[PDB]
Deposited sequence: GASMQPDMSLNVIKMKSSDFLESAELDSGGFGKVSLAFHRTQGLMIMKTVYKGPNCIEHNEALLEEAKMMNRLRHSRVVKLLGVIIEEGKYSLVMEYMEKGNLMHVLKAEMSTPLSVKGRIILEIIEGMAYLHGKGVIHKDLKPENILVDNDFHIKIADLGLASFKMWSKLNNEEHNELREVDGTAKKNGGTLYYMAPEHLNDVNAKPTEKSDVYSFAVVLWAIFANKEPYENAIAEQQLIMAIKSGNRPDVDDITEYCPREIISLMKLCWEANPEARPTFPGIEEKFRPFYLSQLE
């Protein structure tokens, strides 16, 4: 998974498009600094993320590790992120939204099956290709411990609000997924009427959630019930992603596909 700057013919911070000599078009995020000693650790972390190989999970394709040049290289994603897609003038039909949801469940079930907690799932981290299929990404480097060399709380489980030393769990991601479901059908971010972030945090910790009545589109009653289950205050009362899939897939095929 080691790449060289010379492997490239041509060209959340500063990124660029990269034309690889033999492996196609890519996206590069680069850190320019005085050199490391360290590099072996960054590489073991990159080979770990590169082991995450699933159709609904962004592929880290390589890294550049050169004296003073440290770069992550991931696959190209044509259509931006889910919020960009949801705000687009051409509205996204119910069948496509339902398939988007199913693909998010598939990617998250893969990640959890691999022992990986995302910890920052949100629409900005759900990237979309040309046919509206999605891939889950970690553009904030919340899982790239070493490489992380360098509005945001609406999807965060309340057990992490004002509690930064508590350890995230799979149920942390299930809460984020609940609010993503709301955004998918509201076509916007939640809590547009909140007073200030400090008050909002305390409100969410005490049980406030996105306003379901601000969903104006038709939203199947199953998805409404699913989002409320996945954002229960008690983490234990939220389902697992395999549990969600096993109910949601029959519903998707029977009713949405």
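No C-alpha positions are given in the record for the deposited-sequence stretches 1-12, 24-30, 57-58, 170, 173-190.
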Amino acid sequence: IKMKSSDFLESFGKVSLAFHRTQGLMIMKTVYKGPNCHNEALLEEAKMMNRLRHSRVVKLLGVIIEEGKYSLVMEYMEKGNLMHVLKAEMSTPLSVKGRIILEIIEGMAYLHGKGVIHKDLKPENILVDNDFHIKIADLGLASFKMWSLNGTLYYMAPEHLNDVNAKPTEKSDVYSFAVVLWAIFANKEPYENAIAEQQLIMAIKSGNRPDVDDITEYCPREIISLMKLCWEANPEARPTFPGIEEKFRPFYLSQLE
From here on, numbers count along this sequence of modelled residues.
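We call the rigid core the largest set of C-alpha positions that still match within 1.5 Å between the two forms.
The rigid core fit leaves 62-70 as the farther-lying stretch in 9 other deposited structures of this protein, judged by Cα positions and set against 197-205 and 62-70. Once the structures in 9 other deposited structures of this protein are superposed via the core, the pair 18-26 and 243-251 is resolved in favour of 18-26 as the more displaced stretch (C-alpha RMS). Per the compared records, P235 is resolved in all of the other entries whose models span it, so no third of them omit it. Modelling of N36 is missing from a third or more of the other compared entries in which both of its neighbours are modelled. When the two stretches 236-244 and 17-25 are set side by side, the higher mean Cα temperature factor goes to 17-25. Averaged over CA atoms, B-factors in the entry run higher in 90-98 than in the other of 177-185 and 90-98. For the set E40, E197, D211, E192, the maximum C-alpha B-factor listed in the entry falls on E40.
The deposited CA B-factor of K79 belongs to the highest third of values across its chain. In the deposited entry, the Cα temperature factor of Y155 places it in the lowest third of its chain's modelled residues. In the PDB entry, a CA B factor belonging to the middle third of its chain's modelled residues is recorded for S143. For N50, the recorded CA temperature factor ranks within the middle third of the chain's modelled residues. When the CA B factors of the chain's modelled residues are split into thirds, the value for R221 lands in the middle one.
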